[PDB]
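The structure appears right after this line, and notes come after that.
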Amino acid sequence: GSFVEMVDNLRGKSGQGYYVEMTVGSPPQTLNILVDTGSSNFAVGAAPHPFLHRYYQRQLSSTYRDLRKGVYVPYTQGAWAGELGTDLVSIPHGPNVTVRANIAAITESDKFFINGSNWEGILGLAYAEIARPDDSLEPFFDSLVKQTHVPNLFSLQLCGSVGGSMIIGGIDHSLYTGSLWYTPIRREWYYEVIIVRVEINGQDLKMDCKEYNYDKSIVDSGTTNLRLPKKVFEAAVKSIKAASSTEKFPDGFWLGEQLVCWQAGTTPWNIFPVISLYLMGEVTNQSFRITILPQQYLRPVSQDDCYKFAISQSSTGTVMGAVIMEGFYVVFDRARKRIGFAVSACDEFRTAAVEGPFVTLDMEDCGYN
Ligand SMILES: C[C@H]1C[C@]2(CCN1Cc1ccccc1)C(NC1CCCCC1)=NC(=O)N2c1cccc(F)c1
């Protein structure tokens, strides 16, 4: 294929995110950057930190332009503070272009960088509406499309030391099998989508579909888990427990407070159910479903394989994190305001699936207002 040089451009450590090499400034300064569809800022570590192997040195870059404005980005689990500026940016294993982009130089942080993750910055690929300090700070992808002829689309193949591909400007047919099924991007802020039905081993969870998207459902490459709103998490855990009753697990396992380990190569994948998420399709009353295996929602943490239940509670809507994305080739079709899912080219009894079409009525009632 024509996008061959972008294949395998992602690396990472299990549960520590996927990173791409990005070259900043003049002379070049290459750093490993977290690929995050759940945020909108391009920000790099710019001062020594115990968890950083390297950092951006603005004084060494002749093309760096200080924007003379600070920036602060807080989250529930951590935060960072820095200085705004612009500099020349290229992705050596990405598109063959160089752009002048906004860059936040991280000078201080709290619980943001991960010890041993091998990444030193973050590439927020979501929209300007959630950019900090505000929506006037143009995200990297917007700068890329405005300054070059690169098509307004990117796609991600995250393979569960990890690897993957970020194809910028198109779709690589070698990265998937079967058909690509599209769900609309409801609103351009996060990559917001609509889940219309949930099944555990083919059994309908039978909740009002508004609950699946309360207060939003997002596609986020930067979040490890499948995060579910409290009511949905509780019903989904109750159903998963019942479907996996051939073995008993402590309550704390389902809450992520306890891990369960098995002798190398003996994990009884067959005892755990498959999870199906139905997404709103592109045609009236049409939906499709994506099916997740336990190999995706049970994440590996000697002669023992330890696992964490990677489905967790949220009070800020559903988050379809790397747990969900890892079974699929995911297309962020920004030009047509849609997200595509296909079976990824990366057991003997079951496989992750993308199936359709299904008839689902009143799907418009599933969205939060
Ligand atoms: C950007 C952050 C935002 C993120 C999820 C992960 N990415 C990526 C990431 C960053 C650092 C380390 C690991 C992942 C988040 N996302 C929410 C989704 C729902 C709607 C509200 C936002 N909440 C958090 O607390 N996060 C977080 C997690 C760890 C460290 C950190 F500093 C922040």
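What is reported rests on the model, the rules as stated and the sources as named; these are not laboratory values. All Cβ positions, even for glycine, are placed from backbone atoms using ideal geometry, and neighbour counts span all protein chains on display.
General remarks:
- Pairs with Cβ under 9 Å, 6+ apart, first in segment 258-270 and aromatic (F, W, Y), second assigned to a helix (DSSP H, G or I): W269/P294; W269/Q295
- Cβ pairs under 7 Å, 6+ apart, first in segment 8-22 and under 15 Å from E326 (Cα atoms), second part of a loop (DSSP other than H, G, I, E, B) and more than 11 Å from the ligand (Cβ to nearest atom): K13/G116; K13/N118; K13/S161; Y19/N118
- Any hit, segment 63-76, residues being more than 16 Å from the ligand (Cβ to nearest atom), of a type in the set (S, T, Y) and out of contact with any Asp or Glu (no Cβ under 8 Å at 6 or more places or on another chain): no
- Some residue of segment 304-316 being farther than 16 Å from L255 by Cα, buried (at least 22 other Cβ atoms within 10 Å of the Cβ) and aromatic (F, W, Y): no
- Residue that is farthest from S179 (Cα to Cα), among those in segment 264-296 that are surrounded by 22 or more Cβ atoms within 10 Å (Cβ to Cβ) and of a type in the set (A, V, I, L, M): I275
- Test: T37 is within 16 Å of the ligand (Cβ to nearest atom), assigned by CATH to the domain that holds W119 and in contact with a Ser or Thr (Cβ under 8 Å, 6 or more places away or on another chain): yes
- For segment 40-52, a residue qualifies if it is part of a loop (DSSP other than H, G, I, E, B) and either surrounded by 13 or more Cβ atoms within 10 Å (Cβ to Cβ) or within 13 Å of the ligand (Cβ to nearest atom) (or both), and the qualifying residues are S40, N41, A46, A47, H49, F51, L52.
- For segment 4-34, the set of residues classified as within 16 Å of the ligand (Cβ to nearest atom) and assigned to a helix (DSSP H, G or I) is empty.
- Unmet criterion (only one of (1) away from the ligand (no atom under 16 Å from the Cβ); (2) outside any helix (DSSP H, G or I); (3) over 23 Å from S62 (Cβ atoms)) for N102: (3)
- Considering the conditions (1) closer than 30 Å to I130 by Cα; (2) buried (at least 18 other Cβ atoms within 10 Å of the Cβ), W254 is excluded by exactly one of them, (1).
- Any hit, segment 327-346, residues being within 14 Å of the ligand (Cβ to nearest atom), surrounded by fewer than 22 Cβ atoms within 10 Å (Cβ to Cβ), on the phi > 0 side of the Ramachandran plot and not in a strand (DSSP E or B): no
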